[PDB]
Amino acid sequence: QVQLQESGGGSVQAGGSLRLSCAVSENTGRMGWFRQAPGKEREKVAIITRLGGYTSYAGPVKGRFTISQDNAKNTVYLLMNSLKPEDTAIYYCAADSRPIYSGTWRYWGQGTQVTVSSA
């Protein structure tokens, strides 16, 4: 099995930044970040291959968030800039060695809450 562990969640002022990280227990072919707003379908945020140069982003975070990886540490990061209230959600990482475009991901982290507020 593969285990995953997210870190770096919390609450921040709108317009601020966060950086989520995800420890993956062993080498996998792909890794991704997902988010699930209240009552809503879980959605792709950003995905990455371990070896290629491939990344893909959800439209609404394109150009604000960046996915990156540290291969030596088996860690995947989600740098989140210019945060908006609509970025509020539980953020999860996932990984496996299924083909890059596959809709189902075999191994999931625990999630962490992200709350963005204007106040």
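All residue numbers are counted from 1 along the displayed sequence.
Note on 61-69 vs 28-36: mean CA B-factor is higher in 61-69. Note on 97-105 vs 16-24: mean CA B-factor is higher in 97-105. Residue-level temperature factors show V76 in the middle third of its chain, judged at the C-alpha atom. Sort the modelled residues of the chain by CA B factor and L4 lands in the lowest third.
When all modelled residues of the chain are sorted by CA temperature factor, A119 is found within the highest third.
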